Amino acid sequence: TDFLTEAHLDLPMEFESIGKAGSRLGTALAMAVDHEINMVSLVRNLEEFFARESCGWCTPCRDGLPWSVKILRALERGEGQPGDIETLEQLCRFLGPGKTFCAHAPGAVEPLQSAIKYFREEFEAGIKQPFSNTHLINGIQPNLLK
Amino acid sequence: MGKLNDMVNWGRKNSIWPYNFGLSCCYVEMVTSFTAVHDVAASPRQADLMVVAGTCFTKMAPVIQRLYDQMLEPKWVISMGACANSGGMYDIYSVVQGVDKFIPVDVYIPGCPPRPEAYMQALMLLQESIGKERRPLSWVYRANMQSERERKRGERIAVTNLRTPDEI
Ligand code: SF4
Ligand code: SF4
């Protein structure tokens, strides 16, 4: 289920009330996260669970949840690179209902998109190194894209 | 007798007048060969070398054949570039695939186009071929020379590192 802030705490625990806030009522067993818990570490743990409890049937969950897991590990270690948060956002948009074979992956990407929506500063604080995907090959001049 | 044939072949190899009958880009490279920056230094009747440098088209082939027949013995032929050797990149309906389909060729030059120093190297090769064979003194057994490929094999395979294309 999506994370909610303390401003959403004054809200009845009904299906339509939580749904209109941008979440799901779910099993109505709420979990409270205090201030000293890092949001990136919490979502990293959640995505590790969701990416190892995938059944492996369909490509977006099977091959896109581990990519989000690796990105969140990099953001944990301060080894994130520019474009990682954009990759997480695109993964959240492309693992929604109907894109994947079952509803495991929408429920997987709900905490990620909610924590990006409400706690974006920590994910941006995870990015501390320039984007490098290649290595220089001696003899070949690279294509310096702008 | 032995020195006489050597002096005859020496005279033939140290005096060679080319009839540079070129037809295309290769001919323009040979035009650039005559300038003072390369230092390379008529009629088919008195010329002794025919340098076929360019594409041998199906319509230009009778001209090349006639101009080779107008020459007189001893006569030598150097093919320049991929077109004169094999037809080159023009495996097409209107191109004869190599000038050696209809006239014998003594020295072949790969390239498209060869640079003029390759033509000077082929002149050296033709001079060695002339000096090694022997012809009747008065009124033809060409020497089977070692190919340049196997002769130059050791110094070519021994090459390890080359300058990278990034710098100049
Ligand atoms: S979204 Fe569902 S069907 Fe697709 S791989 Fe994940 S658990 Fe399996
Ligand atoms: S071998 Fe190449 S450079 Fe020479 S005539 Fe043919 S196309 Fe032109």
# chains A, B, ... in the order shown; residues from 1 in each chain; ligands from 1
$ residues_around --residues "residue 15 in chain A" --least-positions-apart "2" --cutoff "10 Å" --atoms "only C-alpha atoms" --output "list in words"
residues 12, 13, 17, 18, 19, 20, 23, 24, 25, 26 and 28 of chain A
$ residues_around --residues "residue 33 in chain A" --least-positions-apart "6" --cutoff "10 Å" --atoms "only C-alpha atoms" --output "list in words"
residues 3, 5, 39 and 42 of chain A
$ residues_around --residues "residue 87 in chain B" --least-positions-apart "5" --cutoff "7 Å" --atoms "only C-alpha atoms" --output "compact mmCIF listing (two decimals) with N, CA and C atoms, in the first residue's frame"
# COMPACT_ATOMS: atom_id res chain seq x y z
N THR B 55 38.80 1.51 -64.61
CA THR B 55 37.77 0.53 -64.89
C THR B 55 37.76 0.18 -66.36
N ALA B 82 41.85 -1.68 -58.00
CA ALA B 82 40.97 -2.85 -57.94
C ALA B 82 40.22 -3.06 -59.25
N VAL B 95 30.80 -3.78 -66.83
CA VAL B 95 32.21 -3.71 -66.49
C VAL B 95 32.84 -5.07 -66.72
N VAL B 96 33.94 -5.10 -67.48
CA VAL B 96 34.74 -6.31 -67.59
C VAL B 96 35.48 -6.52 -66.27
N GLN B 97 35.38 -7.73 -65.72
CA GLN B 97 35.89 -8.02 -64.38
C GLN B 97 37.38 -8.31 -64.45
N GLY B 98 38.16 -7.24 -64.59
CA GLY B 98 39.60 -7.35 -64.60
C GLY B 98 40.18 -7.22 -65.99
$ interface_residues --of "chain A" --to "chain B" --cutoff "12 Å" --atoms "only C-alpha atoms" --output "number ranges by chain"
A: 136-142
$ write_last_selection --atoms "C-alpha atoms" --output "short mmCIF file (atom, residue, chain, number, x, y, z; two decimals), in the first residue's frame"
data_model
loop_
_atom_site.label_atom_id
_atom_site.label_comp_id
_atom_site.auth_asym_id
_atom_site.auth_seq_id
_atom_site.Cartn_x
_atom_site.Cartn_y
_atom_site.Cartn_z
CA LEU A 136 36.92 4.46 -22.28
CA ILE A 137 38.34 2.12 -24.93
CA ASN A 138 41.85 3.13 -25.97
CA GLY A 139 41.72 3.89 -29.68
CA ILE A 140 38.04 4.82 -30.02
CA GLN A 141 36.88 8.39 -29.54
CA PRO A 142 33.49 8.44 -27.77
#
$ select_by_dssp --residues "range 7-88 of chain B" --states "alpha helix (DSSP H)" --output "ChimeraX atom specification"
/B:7-13,25-33,61-69,81-86
$ write_last_selection --atoms "C-alpha atoms" --output "mmCIF file, in the first residue's frame"
data_model
loop_
_atom_site.group_PDB
_atom_site.id
_atom_site.type_symbol
_atom_site.label_atom_id
_atom_site.label_comp_id
_atom_site.auth_asym_id
_atom_site.auth_seq_id
_atom_site.Cartn_x
_atom_site.Cartn_y
_atom_site.Cartn_z
ATOM 1 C CA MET B 7 73.568 -5.853 -70.000
ATOM 2 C CA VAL B 8 70.618 -6.216 -72.402
ATOM 3 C CA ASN B 9 68.198 -6.768 -69.516
ATOM 4 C CA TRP B 10 69.907 -3.924 -67.626
ATOM 5 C CA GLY B 11 69.281 -1.615 -70.569
ATOM 6 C CA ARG B 12 65.665 -2.733 -70.768
ATOM 7 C CA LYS B 13 65.067 -2.250 -67.037
ATOM 8 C CA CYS B 25 40.163 8.090 -60.647
ATOM 9 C CA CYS B 26 43.304 5.911 -60.805
ATOM 10 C CA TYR B 27 44.420 7.886 -63.876
ATOM 11 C CA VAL B 28 43.957 11.136 -61.951
ATOM 12 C CA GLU B 29 46.153 9.733 -59.180
ATOM 13 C CA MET B 30 48.772 9.000 -61.838
ATOM 14 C CA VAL B 31 48.371 12.576 -63.085
ATOM 15 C CA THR B 32 49.177 13.686 -59.534
ATOM 16 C CA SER B 33 52.144 11.279 -59.621
ATOM 17 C CA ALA B 61 37.682 -2.876 -73.771
ATOM 18 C CA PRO B 62 38.148 -2.886 -77.604
ATOM 19 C CA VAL B 63 40.114 0.360 -77.267
ATOM 20 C CA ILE B 64 42.391 -1.169 -74.614
ATOM 21 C CA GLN B 65 42.835 -4.325 -76.701
ATOM 22 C CA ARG B 66 43.707 -2.359 -79.850
ATOM 23 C CA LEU B 67 46.099 -0.046 -77.996
ATOM 24 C CA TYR B 68 47.848 -3.061 -76.487
ATOM 25 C CA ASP B 69 48.103 -4.747 -79.891
ATOM 26 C CA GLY B 81 43.770 -0.421 -58.653
ATOM 27 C CA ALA B 82 40.971 -2.848 -57.942
ATOM 28 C CA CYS B 83 39.135 -2.097 -61.201
ATOM 29 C CA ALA B 84 41.992 -3.086 -63.489
ATOM 30 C CA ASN B 85 42.850 -6.112 -61.346
ATOM 31 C CA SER B 86 39.456 -7.702 -60.877
#
$ select_by_dssp --residues "range 82-157 of chain B" --states "strand (DSSP E or B)" --output "PyMOL selection string"
chain B and resi 95+107-109+134+141
$ write_last_selection --atoms "C-alpha atoms" --output "PDB file, in the first residue's frame"
ATOM      1  CA  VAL B  95      32.214  -3.705 -66.492  1.00  0.00           C
ATOM      2  CA  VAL B 107      52.440  -6.528 -62.147  1.00  0.00           C
ATOM      3  CA  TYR B 108      49.232  -5.996 -60.147  1.00  0.00           C
ATOM      4  CA  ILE B 109      48.658  -3.150 -57.683  1.00  0.00           C
ATOM      5  CA  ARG B 134      65.874 -13.515 -70.190  1.00  0.00           C
ATOM      6  CA  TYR B 141      60.841 -17.599 -70.618  1.00  0.00           C
TER       7      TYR B 141
END
$ residues_around --residues "range 42-49 of chain B" --least-positions-apart "4" --cutoff "7 Å" --atoms "only C-alpha atoms" --output "list in words"
residues 16, 17, 18, 19, 67, 70, 71, 72, 74, 75, 76 and 77 of chain B
$ closest_residue --among "B:3, B:38, B:135, B:115" --to "ligand 2" --atoms "only C-alpha atoms and all ligand atoms"
B:115
$ residues_around --residues "residue 45 in chain A" --least-positions-apart "3" --cutoff "12 Å" --atoms "only C-alpha atoms" --output "JSON, numbers by chain"
{"A": [37, 38, 39, 40, 41, 42, 48, 49, 50, 51, 52, 65, 66, 68, 69, 70, 72, 73, 76, 108, 111, 112]}
$ atom_distance --atom1 "CA of residue 123 in chain B" --atom2 "CA of residue 35 in chain B"
17.0 Å
$ residues_near_ligand --ligand "ligand 1" --cutoff "7 Å" --atoms "only C-alpha atoms and all ligand atoms" --output "PyMOL selection string"
chain A and resi 54-62+100-105
$ write_last_selection --atoms "N, CA and C atoms" --output "PDB file, in the first residue's frame"
ATOM      1  N   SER A  54       8.490 -12.300  -6.375  1.00  0.00           N
ATOM      2  CA  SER A  54       7.937 -12.391  -7.712  1.00  0.00           C
ATOM      3  C   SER A  54       7.833 -13.848  -8.131  1.00  0.00           C
ATOM      4  N   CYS A  55       6.849 -14.146  -8.964  1.00  0.00           N
ATOM      5  CA  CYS A  55       6.730 -15.508  -9.450  1.00  0.00           C
ATOM      6  C   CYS A  55       7.515 -15.737 -10.730  1.00  0.00           C
ATOM      7  N   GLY A  56       7.963 -14.674 -11.389  1.00  0.00           N
ATOM      8  CA  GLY A  56       8.776 -14.800 -12.575  1.00  0.00           C
ATOM      9  C   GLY A  56       8.022 -14.984 -13.864  1.00  0.00           C
ATOM     10  N   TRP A  57       6.700 -14.847 -13.849  1.00  0.00           N
ATOM     11  CA  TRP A  57       5.927 -15.090 -15.058  1.00  0.00           C
ATOM     12  C   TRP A  57       6.122 -13.976 -16.072  1.00  0.00           C
ATOM     13  N   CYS A  58       5.924 -12.733 -15.659  1.00  0.00           N
ATOM     14  CA  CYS A  58       5.818 -11.649 -16.611  1.00  0.00           C
ATOM     15  C   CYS A  58       6.987 -10.686 -16.473  1.00  0.00           C
ATOM     16  N   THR A  59       7.412 -10.154 -17.619  1.00  0.00           N
ATOM     17  CA  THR A  59       8.656  -9.391 -17.722  1.00  0.00           C
ATOM     18  C   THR A  59       8.724  -8.139 -16.848  1.00  0.00           C
ATOM     19  N   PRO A  60       7.697  -7.267 -16.756  1.00  0.00           N
ATOM     20  CA  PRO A  60       7.886  -6.033 -15.969  1.00  0.00           C
ATOM     21  C   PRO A  60       8.214  -6.263 -14.508  1.00  0.00           C
ATOM     22  N   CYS A  61       7.475  -7.126 -13.816  1.00  0.00           N
ATOM     23  CA  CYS A  61       7.813  -7.452 -12.434  1.00  0.00           C
ATOM     24  C   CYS A  61       9.178  -8.126 -12.349  1.00  0.00           C
ATOM     25  N   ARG A  62       9.371  -9.197 -13.131  1.00  0.00           N
ATOM     26  CA  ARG A  62      10.550 -10.059 -13.029  1.00  0.00           C
ATOM     27  C   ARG A  62      11.845  -9.311 -13.328  1.00  0.00           C
ATOM     28  N   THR A 100       1.219  -5.450 -15.940  1.00  0.00           N
ATOM     29  CA  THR A 100       1.744  -6.734 -15.514  1.00  0.00           C
ATOM     30  C   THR A 100       0.628  -7.766 -15.460  1.00  0.00           C
ATOM     31  N   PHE A 101       1.035  -9.032 -15.409  1.00  0.00           N
ATOM     32  CA  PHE A 101       0.082 -10.127 -15.532  1.00  0.00           C
ATOM     33  C   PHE A 101      -0.821 -10.237 -14.311  1.00  0.00           C
ATOM     34  N   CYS A 102      -0.302  -9.937 -13.125  1.00  0.00           N
ATOM     35  CA  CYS A 102      -1.143  -9.925 -11.937  1.00  0.00           C
ATOM     36  C   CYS A 102      -0.901  -8.654 -11.141  1.00  0.00           C
ATOM     37  N   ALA A 103      -1.519  -8.549  -9.969  1.00  0.00           N
ATOM     38  CA  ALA A 103      -1.507  -7.322  -9.188  1.00  0.00           C
ATOM     39  C   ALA A 103      -0.381  -7.274  -8.170  1.00  0.00           C
ATOM     40  N   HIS A 104       0.609  -8.155  -8.286  1.00  0.00           N
ATOM     41  CA  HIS A 104       1.746  -8.111  -7.376  1.00  0.00           C
ATOM     42  C   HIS A 104       2.604  -6.878  -7.623  1.00  0.00           C
ATOM     43  N   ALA A 105       2.860  -6.554  -8.881  1.00  0.00           N
ATOM     44  CA  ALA A 105       3.737  -5.441  -9.221  1.00  0.00           C
ATOM     45  C   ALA A 105       3.121  -4.051  -9.021  1.00  0.00           C
TER      46      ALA A 105
END
$ atom_distance --atom1 "CA of residue 151 in chain B" --atom2 "CA of residue 130 in chain B"
18.3 Å
$ closest_residue --among "B:103, B:52, B:143, B:118" --to "ligand 2" --atoms "only C-alpha atoms and all ligand atoms"
B:52
